[PDB]
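*Asks:* Before we start, here is the structure in question, set down as structure tokens.
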Amino acid sequence: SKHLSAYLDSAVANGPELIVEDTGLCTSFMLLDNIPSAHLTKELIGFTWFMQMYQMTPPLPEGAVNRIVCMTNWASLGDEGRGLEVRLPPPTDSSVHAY
Amino acid sequence: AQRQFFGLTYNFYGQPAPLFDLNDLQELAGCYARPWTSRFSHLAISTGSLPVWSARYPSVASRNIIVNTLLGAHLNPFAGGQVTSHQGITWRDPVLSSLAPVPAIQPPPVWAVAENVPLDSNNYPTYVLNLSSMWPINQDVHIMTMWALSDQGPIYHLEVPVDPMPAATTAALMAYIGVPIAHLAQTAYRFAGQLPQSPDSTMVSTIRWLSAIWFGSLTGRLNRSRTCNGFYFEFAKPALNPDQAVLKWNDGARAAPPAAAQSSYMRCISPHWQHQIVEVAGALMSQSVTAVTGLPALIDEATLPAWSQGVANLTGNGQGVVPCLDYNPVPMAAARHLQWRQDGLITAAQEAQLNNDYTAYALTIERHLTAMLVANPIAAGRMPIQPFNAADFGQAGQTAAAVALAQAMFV
Amino acid sequence: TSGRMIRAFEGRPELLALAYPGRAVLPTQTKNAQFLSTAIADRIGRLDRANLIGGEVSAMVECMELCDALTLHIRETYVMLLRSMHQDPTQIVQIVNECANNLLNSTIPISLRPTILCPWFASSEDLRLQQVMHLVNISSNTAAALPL
Amino acid sequence: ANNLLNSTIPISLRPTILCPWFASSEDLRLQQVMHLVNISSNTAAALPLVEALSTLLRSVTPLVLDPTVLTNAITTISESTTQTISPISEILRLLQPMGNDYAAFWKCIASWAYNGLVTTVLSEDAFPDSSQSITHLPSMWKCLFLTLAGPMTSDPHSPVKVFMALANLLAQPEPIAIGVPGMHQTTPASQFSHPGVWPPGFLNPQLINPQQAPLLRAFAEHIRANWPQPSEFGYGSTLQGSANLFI
Amino acid sequence: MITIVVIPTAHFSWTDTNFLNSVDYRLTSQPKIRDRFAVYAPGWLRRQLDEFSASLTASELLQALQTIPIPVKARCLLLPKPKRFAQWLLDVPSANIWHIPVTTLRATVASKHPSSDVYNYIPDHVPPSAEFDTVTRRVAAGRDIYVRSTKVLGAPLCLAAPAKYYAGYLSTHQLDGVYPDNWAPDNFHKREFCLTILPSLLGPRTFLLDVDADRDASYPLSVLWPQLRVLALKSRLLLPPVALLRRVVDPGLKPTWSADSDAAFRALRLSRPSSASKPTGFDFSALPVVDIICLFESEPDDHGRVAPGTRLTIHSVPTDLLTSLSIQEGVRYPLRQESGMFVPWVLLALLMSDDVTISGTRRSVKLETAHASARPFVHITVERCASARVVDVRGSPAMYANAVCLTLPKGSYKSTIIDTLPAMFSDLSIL
Amino acid sequence: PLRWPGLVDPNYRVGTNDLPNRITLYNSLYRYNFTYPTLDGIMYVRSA
Amino acid sequence: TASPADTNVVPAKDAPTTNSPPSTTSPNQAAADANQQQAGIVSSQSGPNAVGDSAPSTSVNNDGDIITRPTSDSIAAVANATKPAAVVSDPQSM
Amino acid sequence: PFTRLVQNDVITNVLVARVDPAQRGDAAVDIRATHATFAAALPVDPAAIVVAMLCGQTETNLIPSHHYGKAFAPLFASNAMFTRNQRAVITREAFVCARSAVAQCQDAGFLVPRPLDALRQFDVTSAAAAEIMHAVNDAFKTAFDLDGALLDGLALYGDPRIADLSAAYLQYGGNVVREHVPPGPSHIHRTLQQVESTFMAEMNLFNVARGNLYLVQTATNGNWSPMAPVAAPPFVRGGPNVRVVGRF
């Protein structure tokens, strides 16, 4: 506030940064692992199967409780981007600061 | 330029008042902004990216339809020479820059409601005196009229000269090769919309050719085998989403010019157009040409709704009258596929398969729309989709004549 | 799958695992498996490609992958905006010639230009708006006029 | 050899003899197209063919190039004073000897045999500035050279380009109308190229009023009347494949 | 041969053995990399720019220079005054290649006022009544040019004749300045890339290098930076320095086809195995520094999850500081000390840096290092080096060996740098 | 499944969504390969 | 006299794309410019002919995509991204 | 053909078609179309040409027969005239074989006999076809010890899935003249077809077996000829109580 700025001829000679291109996934929401699944080894053996056991990255979260959250450009790729983003922690955290 | 236009407001389908909500106005033309070039601001490359599948405006054409109805309540100066108010809203200035609620000190007279009002530019002298700034109104009024004149699909005009394309158009088209139709339609709308132009301008001829080529390829006469000066359109697979087409240029044999100049008016005879982007884009693109050059001739009244019979400066039945043809997409698709087989592009087995796919695709469109209408009965006071009857999906119309025209248009 | 062609992220294999859930391997019937096992076989990869010139980049390509609708709607709108301020060379060269009062007449070659994009233009209203805005951000004394 | 040579070659005829030196016309035609595939649009790999053919031509021709007589004729009529900065300066600048063996001349001749694969064009820098007036003498001499050299090039658009060059210099004194949208009499001549932009007046000189634009009308008629007529002639031997595609 | 036009940054090292190093020293790490680049940027051109800087606007200068081909094959051949110059064509008669009459030559020798006649009608003679662009236009032709003044731009300027004619017509230092041009030429080679300080038409095979730092204010062509940058920006022609290390060029960060995970990218691995017994056993005026992007994180939640955190850019921290402390990329070090203060090495990094900004935008922030902020950071990770270049240090902020006083606001951490840093070594006399 | 009709619904037609009411995660889209030529790349400028 | 070098001239191997520089921005235009410059033609003499042309490049796939490595490696990359362990160790195996 | 001043006969483009456009999968037109002129442009300086025109002289005793006979003799000492024929023939054979190979791999395409169609093969896209053609092209070059291009261009750019080459040029009057170059009678391809046909009957000799594989636990004590069992197969796909595993 009160940042009175004078019009300058050279200042407007920059042009906006219009061309921004992304090669990543066109998505803005992420699936999460909010509560991890337990590793049973003595009793209840077999009730859980981690894809890591087969050296594979699962396509979906495999936690005990999984959430959807908003994390812009989490899968972005190719160049830097606009420089302002929205990232919310899982609801197990406050996440107040975003508002 | 072009110092005059004529127009016609919409028809009420038995309803007593123009069919739009205040929210629709506040949504589609609010913010005190200029509404005169917004027709494409809510369109994109394909239906997959657009919110046309649910809630308000649940159709491709819905927004533009509502826009046309909205204007019908505020174009009084071209009918009675005076600005008026309707439901407490009016223009901000004699230039008709934007809309706003009425002032409390000196309100303008309240508009007396009516339908199918003929419109003349000459009734409002200030328009011509400020033609340079009020030019965009010309395009939109024309577009509204071209839609109001017809039930089912809007009307647009086609023509092909006896001469070859000029080099300028050739160069211009060679730069628009890979562009989808929707983007092309925007440029045409953008071009004629924002400042006066003379009909003897390169872009005008360019867009004129595009509409011709689009129709010729739509009928399937223009293909990879046979093209207009190397250009032709390509349509997407019916197995996934046929509602898409892009421009192409090719080695194929070039079609010969017609023996005499060909021209006619066109419209879609079936309700499918309301939710089919290629129809909307094609119509808007073609209508853009007539907006800048005016109507070449009166439209034949013979096959138009009752209110369109004998509209001054628009429709006629005399000698200087151009006939208007119409078609249904499904029979049109069958004809296009048949031409492909005869040209040898496909086998008979494929042609049968293509017909099955397209018919299945069209069925979904019909199924979606018919369910959408009962969800938005016109008695509710707003018309998001034009009313129709179930039998309207089965009309063959003048499709046979249409392909015959393309036959004569690209020999 | 042999029946489809997909994007090889080729350096972000972990990302590829997320991009195409349909390519999963399902040893045991877990809740994830119960869902993934229902995936349609071919709803993956490149659907259609606009291929114009041999030995030349395809102008655009259509595919399906992990992509939310909302971001899709935004970015499609953004592209639509860019197109709204692009014009073909014939217009561009004509604009320049007219700007110079038809001096320095010039023209363009006639050949295919597949994938050009020149977002360099705006309506008069934009210019009118900017001009007014420019007049608002100055001291209306002589200090404003003198540089002009 | 066009029977410039007569030859004899004795050979014994044994029952079991093999001389694999024959190919059908279809093979040659197929081979020729394959070259087009391999060359693609890469100009760099197309140039050597013209280079080699020109080299052979020079090694073979009996013609001898020597500007000594031309120099003497010029020098006596000119004052040859290291003065007369008027185009005596210019033409001398072009008359003085060149160590390039006039390679440009031979390149044109070679390109004739390979037109459709590579075309010789008048160099862009050779044209006068389209904004320049005819009074600017060096520009006038440039147009003279271009007009003289026109027919040597393989570019089909050379006639139009030659015509437009003069039209440019005569823009002010001879304001004709060019019936091509997007073009003007001041447009650079080298830009025209594509047949679609051939000025209608050039197509039909009767569209130019003699009393209003005498020089331009005469120039067009001169071009349409004196530009050489192409011809053809045979070659090779009927005992071999032809390898020709279009002709 | 793709060309990259380069504009030097604020403290670009010039006397460096290779101009290349001041751009980004990572390019010198591998033989397989350094062999892909040519440099050009000759000294004679540098001197010409230094002179003309005070006499041309940016637009004019750019307009003049932009057309020059990469290796300048032409020369400017200065002519001596007519009385002196005329004698040359008779001292060697065959040198009268324009064949100016003997009578005129000795008439000039006789005249009290030797006229320009000896210059007159000599092709491509440039009189003093000429302009800069006149030279540049002829430079594009590659042939040598004959001039009548020293103030010329675009090509190396050398004497046409032996020095005897120019002596008396010119003075010692003037007669000296042309000596390298008298035998100017050197070859230019066709590698994959060639850097250049000479501008050029930006296009499909020419790129503008973006370093994200202020230009060299003293460098005469820095004024061109805005116009060049905007033209590149509107066509997406900027190149971040990291792109140069890839096998194939592309403008972008985190490309799909490359993970950018290689020893070449890691600027922290500064190595010096080679030697040449050169006098610079070390050049202690040249200092390698880096711009780094670091991620900061707070304590995890009750279930081991952690917030997305924030990443900041630290500018021009000296690299040896990090190397000597065995700092490595991709390692999540603890940030806070036992008493909650920052660990000493982080403080040193901040103190010796130039500026700290948000990674994406260009907003500079003053970092807090106390118990003020809630959810304070406890972990730090360096992610990548945005840039890594050597910089000249000699006499830059301070000028005299006697003493220097530094003013800082109260509460600065001067104690750390003056005590902990020398104590961290305590083996070599620092102060 | 409602988040993924494009992935699992047999009746899913390409080009559909329910954007104003629900966000799907797996959909079809276009990708572009534009080029951004300079002025001289568009037209032959009057050099020198 | 009868120099074979002037008689047996044929296109070299990899002729159509040899001069293409390694880039991703506009490979076809860049390749076209490289050919033009390689052939000894200078832009100031080609004039308008240099602006719109394009030529094949190695950076462009046959399908019409921007490639940065040989296509076999791209096939290899995707193949290697999916290799489940052949023999796994779990307690319940019989 | 040179055209002089007939505007309607001026050529605008010269293009090579790997497939007749009616059969082409997509436009995929020749890259040459992006160029301003239909052929490569070679700028030349008129002044040099003019000089050569104006000063042309001859020797004092020029007998045309003597000069030309002496000049032309060395050229005919070459063998280029025959190597041209030999290379052309080899090119034909390589072309036919290469086209045949790619056609056999894609599920549908140029009409060729398909003796190996029973073998499993995913439908090859354009990129894969380039790999196959590269292999064939390299094989021939190694076999016949050639240098030069041969079939290089087909694989390096454009669609390798070619059908029948043809060249054409377009006139401003809209007329297009097209010339096909179908290959003549090939020899190597004919015998190669025989090789594939007989392989399909003698695959066992190449350490390749046909048919399915059973996995019954047999604990016998007598003879055993797994490569040719005599006992009836335990079951088949349509047999009673036979289950088929799911897709995963």
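Numbering starts fresh at 1 for the residues of each chain in the structure tokens, the chains themselves are lettered A, B, ... in the order given, and ligands are numbered from 1 as they appear.
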Specify as a PDB file with C-alpha atoms, in the first residue's frame all residues of chain C found within 8 Å of chain H, counting only C-alpha atoms.

*Replies:*
ATOM      1  CA  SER C   2       1.246 -54.429 -27.646  1.00  0.00           C
ATOM      2  CA  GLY C   3      -1.882 -52.705 -28.927  1.00  0.00           C
ATOM      3  CA  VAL C  25       0.659 -55.876 -12.501  1.00  0.00           C
ATOM      4  CA  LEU C  26      -1.688 -57.488  -9.991  1.00  0.00           C
ATOM      5  CA  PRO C  27      -0.273 -60.438  -8.041  1.00  0.00           C
ATOM      6  CA  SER C  37      -8.525 -55.163 -12.593  1.00  0.00           C
ATOM      7  CA  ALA C  50      -2.518 -34.838 -36.850  1.00  0.00           C
ATOM      8  CA  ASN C  51       0.372 -35.686 -39.176  1.00  0.00           C
ATOM      9  CA  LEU C  52       0.917 -33.206 -41.997  1.00  0.00           C
ATOM     10  CA  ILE C  53       4.383 -33.598 -43.527  1.00  0.00           C
ATOM     11  CA  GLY C  54       6.712 -36.570 -43.685  1.00  0.00           C
ATOM     12  CA  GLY C  55       9.851 -36.070 -41.645  1.00  0.00           C
ATOM     13  CA  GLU C  56       8.129 -33.231 -39.798  1.00  0.00           C
ATOM     14  CA  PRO C 109       6.754 -16.512 -49.628  1.00  0.00           C
ATOM     15  CA  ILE C 110       4.061 -19.010 -50.555  1.00  0.00           C
ATOM     16  CA  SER C 111       4.680 -22.360 -48.869  1.00  0.00           C
ATOM     17  CA  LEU C 112       3.431 -24.474 -45.997  1.00  0.00           C
ATOM     18  CA  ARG C 113       3.998 -23.038 -42.510  1.00  0.00           C
TER      19      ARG C 113
END

*Asks:* Got a sec to tell me which of region 152-207 of chain B DSSP assigns to strand (DSSP E or B), as a PyMOL selection string?

*Replies:* chain B and resi 155-160+180

*Asks:* What's around residue 2 (chain F) at 10 Å? Count only C-alpha atoms, leave out sequence neighbours fewer than 3 positions away in its own chain, and write the answer as a PyMOL selection string.

*Replies:* chain F and resi 5-9+18+22-25

*Asks:* Might you pull out every residue within 12 Å of region 146-148 of chain C, with only C-alpha atoms counted and same-chain residues fewer than 6 positions away left off, and present them as a list in words?

*Replies:*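 Non-adjacent residues within range: residues 7, 8, 9 and 10 of chain A; 138, 139 and 140 of chain C.
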
*Asks:* Using N, CA and C atoms, can you write the selected residues to a file as an mmCIF file, in the first residue's frame?

*Replies:*
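Written output follows (out14.cif):
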data_model
loop_
_atom_site.group_PDB
_atom_site.id
_atom_site.type_symbol
_atom_site.label_atom_id
_atom_site.label_comp_id
_atom_site.auth_asym_id
_atom_site.auth_seq_id
_atom_site.Cartn_x
_atom_site.Cartn_y
_atom_site.Cartn_z
ATOM 1 N N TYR A 7 4.982 6.097 -13.936
ATOM 2 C CA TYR A 7 5.050 5.430 -15.226
ATOM 3 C C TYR A 7 6.396 5.709 -15.881
ATOM 4 N N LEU A 8 7.046 4.655 -16.363
ATOM 5 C CA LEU A 8 8.335 4.769 -17.029
ATOM 6 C C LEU A 8 8.240 4.178 -18.426
ATOM 7 N N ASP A 9 8.858 4.861 -19.387
ATOM 8 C CA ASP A 9 8.783 4.409 -20.771
ATOM 9 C C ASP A 9 9.548 3.111 -20.978
ATOM 10 N N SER A 10 10.745 3.002 -20.406
ATOM 11 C CA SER A 10 11.539 1.798 -20.605
ATOM 12 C C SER A 10 10.972 0.615 -19.835
ATOM 13 N N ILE C 138 0.351 8.911 -13.892
ATOM 14 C CA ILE C 138 1.287 10.005 -14.095
ATOM 15 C C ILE C 138 0.844 11.204 -13.273
ATOM 16 N N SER C 139 1.795 12.095 -13.008
ATOM 17 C CA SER C 139 1.472 13.400 -12.452
ATOM 18 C C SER C 139 1.039 14.312 -13.592
ATOM 19 N N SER C 140 -0.181 14.824 -13.515
ATOM 20 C CA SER C 140 -0.768 15.522 -14.657
ATOM 21 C C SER C 140 -0.139 16.856 -14.927
#

*Asks:* If we count only C-alpha atoms, what is near region 124-137 of chain B at a cut-off of 7 Å, once residues fewer than 2 positions away on the same chain are taken out, given as a VMD selection string?

*Replies:* chain B and resid 3 36 77 to 78 81 95 121 to 122 139 to 141 193 to 196

*Asks:* Residues of chain D that have any atom at most 10 Å from an atom of chain B: could you tabulate them with the shortest-distance atom pair and the distance in Å to one decimal, using only C-alpha atoms, ordered by chain and increasing number, as a tab-separated table?

*Replies:*
residue	atom	partner	partner_atom	distance
D:180	CA	B:166	CA	8.4
D:181	CA	B:168	CA	7.2
D:182	CA	B:168	CA	6.9
D:183	CA	B:168	CA	9.7
D:194	CA	B:167	CA	8.5
D:195	CA	B:167	CA	8.8
D:196	CA	B:167	CA	5.5
D:197	CA	B:167	CA	6.6

*Asks:* Could you write those residues out with N, CA and C atoms, as an mmCIF file, in the first residue's frame?

*Replies:*
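Dumped everything to again02.cif:
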data_model
loop_
_atom_site.group_PDB
_atom_site.id
_atom_site.type_symbol
_atom_site.label_atom_id
_atom_site.label_comp_id
_atom_site.auth_asym_id
_atom_site.auth_seq_id
_atom_site.Cartn_x
_atom_site.Cartn_y
_atom_site.Cartn_z
ATOM 1 N N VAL D 180 -2.810 -7.250 -58.777
ATOM 2 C CA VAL D 180 -2.572 -8.346 -57.844
ATOM 3 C C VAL D 180 -2.765 -7.832 -56.427
ATOM 4 N N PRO D 181 -3.806 -8.266 -55.723
ATOM 5 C CA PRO D 181 -3.994 -7.812 -54.343
ATOM 6 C C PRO D 181 -2.810 -8.208 -53.479
ATOM 7 N N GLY D 182 -2.422 -7.306 -52.586
ATOM 8 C CA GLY D 182 -1.282 -7.531 -51.729
ATOM 9 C C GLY D 182 0.059 -7.200 -52.340
ATOM 10 N N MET D 183 0.090 -6.628 -53.538
ATOM 11 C CA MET D 183 1.333 -6.255 -54.193
ATOM 12 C C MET D 183 1.238 -4.815 -54.667
ATOM 13 N N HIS D 194 6.193 -16.940 -57.390
ATOM 14 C CA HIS D 194 5.017 -17.773 -57.636
ATOM 15 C C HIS D 194 4.154 -17.263 -58.783
ATOM 16 N N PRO D 195 3.696 -18.144 -59.674
ATOM 17 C CA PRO D 195 2.984 -17.673 -60.872
ATOM 18 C C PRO D 195 1.719 -16.905 -60.570
ATOM 19 N N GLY D 196 1.081 -17.167 -59.433
ATOM 20 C CA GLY D 196 -0.184 -16.526 -59.133
ATOM 21 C C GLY D 196 -0.111 -15.020 -59.044
ATOM 22 N N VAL D 197 1.079 -14.464 -58.856
ATOM 23 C CA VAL D 197 1.232 -13.027 -58.695
ATOM 24 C C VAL D 197 1.807 -12.382 -59.952
#

*Asks:* Kindly determine which residues of chain E lie within 12 Å of chain F, considering only C-alpha atoms, and give the answer as a PyMOL selection string.

*Replies:* chain E and resi 63-68+133-134+136-138+140+201-206+230-237

*Asks:* May I have the residues of chain G within 12 Å of chain A, counting only C-alpha atoms, written as a ChimeraX atom specification?

*Replies:* /G:80-93

*Asks:* Write a file of the just-selected residues containing C-alpha atoms, as an mmCIF file, in the first residue's frame.

*Replies:*
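File written: part.cif
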data_model
loop_
_atom_site.group_PDB
_atom_site.id
_atom_site.type_symbol
_atom_site.label_atom_id
_atom_site.label_comp_id
_atom_site.auth_asym_id
_atom_site.auth_seq_id
_atom_site.Cartn_x
_atom_site.Cartn_y
_atom_site.Cartn_z
ATOM 1 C CA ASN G 80 13.206 -51.485 -18.397
ATOM 2 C CA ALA G 81 10.689 -49.448 -16.397
ATOM 3 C CA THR G 82 8.557 -52.595 -15.946
ATOM 4 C CA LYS G 83 10.434 -55.704 -14.798
ATOM 5 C CA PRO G 84 8.796 -57.455 -11.845
ATOM 6 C CA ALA G 85 11.024 -59.740 -9.822
ATOM 7 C CA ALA G 86 10.939 -63.284 -11.157
ATOM 8 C CA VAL G 87 11.430 -65.061 -7.817
ATOM 9 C CA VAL G 88 10.142 -63.459 -4.633
ATOM 10 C CA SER G 89 10.472 -64.562 -1.013
ATOM 11 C CA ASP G 90 7.270 -64.853 0.993
ATOM 12 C CA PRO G 91 6.600 -67.083 4.007
ATOM 13 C CA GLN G 92 3.554 -68.788 2.473
ATOM 14 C CA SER G 93 4.927 -70.527 -0.596
#

*Asks:* Can you pull out the residues contacting residue 317 (chain E)? Cut-off 12 Å, using only C-alpha atoms, and skip same-chain residues under 4 positions away; I want them as a PyMOL selection string.

*Replies:* chain E and resi 268+287-293+313+321-323+345-356+385-391

*Asks:* Any chance you can output those residues with N, CA, C and O atoms as a CSV table (one decimal), in the first residue's frame?

*Replies:*
chain,number,residue,atom,x,y,z
E,268,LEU,N,29.3,-28.9,-7.1
E,268,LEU,CA,30.1,-29.0,-5.8
E,268,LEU,C,31.4,-29.8,-6.0
E,268,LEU,O,32.3,-29.6,-5.2
E,287,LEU,N,37.8,-16.3,-8.3
E,287,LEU,CA,37.1,-17.1,-7.2
E,287,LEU,C,35.8,-17.8,-7.8
E,287,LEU,O,35.0,-17.1,-8.5
E,288,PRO,N,35.7,-19.1,-7.7
E,288,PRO,CA,34.5,-19.8,-8.2
E,288,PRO,C,33.4,-19.7,-7.2
E,288,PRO,O,33.6,-20.0,-6.0
E,289,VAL,N,32.2,-19.3,-7.6
E,289,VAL,CA,31.0,-19.2,-6.7
E,289,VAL,C,29.9,-20.0,-7.4
E,289,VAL,O,29.9,-20.3,-8.6
E,290,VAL,N,28.8,-20.2,-6.7
E,290,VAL,CA,27.6,-20.9,-7.2
E,290,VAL,C,26.4,-20.2,-6.7
E,290,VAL,O,26.3,-19.6,-5.6
E,291,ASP,N,25.3,-20.3,-7.5
E,291,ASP,CA,24.0,-20.0,-7.1
E,291,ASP,C,23.2,-21.3,-6.9
E,291,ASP,O,23.2,-22.1,-7.8
E,292,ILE,N,22.6,-21.5,-5.7
E,292,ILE,CA,22.1,-22.7,-5.3
E,292,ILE,C,20.6,-22.6,-4.9
E,292,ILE,O,20.2,-21.5,-4.4
E,293,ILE,N,19.8,-23.6,-5.0
E,293,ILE,CA,18.4,-23.7,-4.6
E,293,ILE,C,18.3,-24.7,-3.5
E,293,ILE,O,18.7,-25.9,-3.6
E,313,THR,N,16.5,-19.4,-3.1
E,313,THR,CA,17.7,-19.3,-4.0
E,313,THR,C,18.7,-18.5,-3.2
E,313,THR,O,18.4,-17.3,-2.8
E,321,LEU,N,33.9,-22.9,0.1
E,321,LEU,CA,33.3,-23.0,1.4
E,321,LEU,C,32.5,-24.2,1.6
E,321,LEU,O,32.7,-24.9,2.6
E,322,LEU,N,31.7,-24.6,0.6
E,322,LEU,CA,30.9,-25.8,0.8
E,322,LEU,C,31.7,-27.0,0.6
E,322,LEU,O,31.6,-28.0,1.4
E,323,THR,N,32.7,-27.0,-0.4
E,323,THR,CA,33.5,-28.2,-0.6
E,323,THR,C,34.3,-28.5,0.6
E,323,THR,O,34.4,-29.7,1.1
E,345,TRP,N,27.8,-23.4,9.6
E,345,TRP,CA,28.1,-23.4,8.2
E,345,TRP,C,27.0,-22.7,7.4
E,345,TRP,O,27.3,-22.0,6.4
E,346,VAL,N,25.7,-22.9,7.8
E,346,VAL,CA,24.7,-22.2,7.1
E,346,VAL,C,24.8,-20.7,7.2
E,346,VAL,O,24.7,-20.0,6.3
E,347,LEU,N,25.1,-20.3,8.5
E,347,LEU,CA,25.3,-18.9,8.7
E,347,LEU,C,26.4,-18.3,7.8
E,347,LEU,O,26.3,-17.2,7.2
E,348,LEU,N,27.5,-19.1,7.6
E,348,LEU,CA,28.6,-18.6,6.8
E,348,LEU,C,28.1,-18.5,5.3
E,348,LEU,O,28.4,-17.5,4.6
E,349,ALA,N,27.3,-19.5,4.9
E,349,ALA,CA,26.8,-19.4,3.5
E,349,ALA,C,25.9,-18.2,3.3
E,349,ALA,O,26.1,-17.5,2.3
E,350,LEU,N,25.1,-17.9,4.3
E,350,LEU,CA,24.3,-16.7,4.2
E,350,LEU,C,25.1,-15.4,4.2
E,350,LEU,O,24.9,-14.5,3.4
E,351,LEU,N,26.1,-15.4,5.1
E,351,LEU,CA,26.9,-14.2,5.2
E,351,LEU,C,27.7,-13.9,4.0
E,351,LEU,O,27.8,-12.7,3.5
E,352,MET,N,28.3,-14.9,3.3
E,352,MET,CA,29.1,-14.7,2.2
E,352,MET,C,28.3,-14.6,0.9
E,352,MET,O,28.9,-14.4,-0.2
E,353,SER,N,27.0,-14.9,0.9
E,353,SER,CA,26.2,-14.8,-0.3
E,353,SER,C,25.9,-13.3,-0.6
E,353,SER,O,26.3,-12.4,0.1
E,354,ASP,N,25.4,-13.1,-1.8
E,354,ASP,CA,25.0,-11.8,-2.2
E,354,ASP,C,23.5,-11.5,-1.9
E,354,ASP,O,23.2,-10.4,-1.5
E,355,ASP,N,22.6,-12.4,-2.2
E,355,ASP,CA,21.2,-12.2,-2.0
E,355,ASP,C,20.5,-13.5,-1.8
E,355,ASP,O,20.9,-14.5,-2.3
E,356,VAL,N,19.3,-13.4,-1.2
E,356,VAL,CA,18.4,-14.6,-1.0
E,356,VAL,C,17.1,-14.2,-1.5
E,356,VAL,O,16.5,-13.2,-1.1
E,385,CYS,N,22.5,-26.6,-8.5
E,385,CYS,CA,23.2,-25.3,-8.7
E,385,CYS,C,22.7,-24.7,-9.9
E,385,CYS,O,22.9,-25.1,-11.0
E,386,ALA,N,22.0,-23.5,-9.7
E,386,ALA,CA,21.4,-22.8,-10.8
E,386,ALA,C,22.5,-22.3,-11.7
E,386,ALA,O,22.4,-22.2,-12.9
E,387,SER,N,23.6,-21.9,-11.1
E,387,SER,CA,24.8,-21.4,-11.9
E,387,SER,C,26.0,-21.6,-11.1
E,387,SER,O,26.0,-21.7,-9.9
E,388,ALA,N,27.2,-21.7,-11.8
E,388,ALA,CA,28.4,-22.0,-11.2
E,388,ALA,C,29.5,-21.4,-12.0
E,388,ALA,O,29.9,-22.0,-13.1
E,389,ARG,N,30.1,-20.3,-11.6
E,389,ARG,CA,31.0,-19.5,-12.4
E,389,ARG,C,32.1,-19.0,-11.6
E,389,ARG,O,32.0,-18.8,-10.3
E,390,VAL,N,33.2,-18.7,-12.2
E,390,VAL,CA,34.3,-18.0,-11.5
E,390,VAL,C,34.1,-16.5,-11.7
E,390,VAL,O,33.5,-16.0,-12.6
E,391,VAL,N,34.6,-15.7,-10.7
E,391,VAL,CA,34.3,-14.3,-10.6
E,391,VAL,C,35.6,-13.6,-10.2
E,391,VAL,O,36.4,-14.1,-9.4

*Asks:* Counting only C-alpha atoms, a student should be able to say which residues of chain A come within 8 Å of chain E; what is the right answer, written as a short mmCIF file (atom, residue, chain, number, x, y, z; two decimals) with C-alpha atoms, in the first residue's frame?

*Replies:*
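Written output follows (selection.cif):
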data_model
loop_
_atom_site.label_atom_id
_atom_site.label_comp_id
_atom_site.auth_asym_id
_atom_site.auth_seq_id
_atom_site.Cartn_x
_atom_site.Cartn_y
_atom_site.Cartn_z
CA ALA A 13 9.35 -2.35 -22.82
CA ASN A 14 9.62 -5.89 -21.42
CA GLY A 15 6.49 -7.73 -22.55
CA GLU A 17 6.01 -13.97 -20.35
CA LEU A 18 3.28 -15.62 -22.39
CA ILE A 19 4.99 -18.78 -23.66
CA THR A 23 5.42 -31.62 -20.71
CA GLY A 24 4.41 -33.21 -17.41
CA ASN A 34 -1.88 -40.13 4.96
CA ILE A 35 -1.73 -43.16 7.26
CA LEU A 77 7.87 -30.90 -16.10
CA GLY A 78 9.80 -28.96 -18.70
CA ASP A 79 10.42 -25.46 -17.36
CA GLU A 80 10.21 -23.36 -14.23
CA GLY A 81 6.60 -22.20 -14.31
CA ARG A 82 4.78 -19.12 -13.13
CA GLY A 83 6.42 -19.04 -9.71
CA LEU A 84 3.35 -18.97 -7.46
CA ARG A 87 0.15 -26.61 -1.81
CA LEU A 88 -2.03 -28.00 0.93
CA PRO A 89 -0.78 -30.44 3.55
CA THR A 92 -3.82 -34.29 9.54
CA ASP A 93 -2.05 -30.91 9.60
#
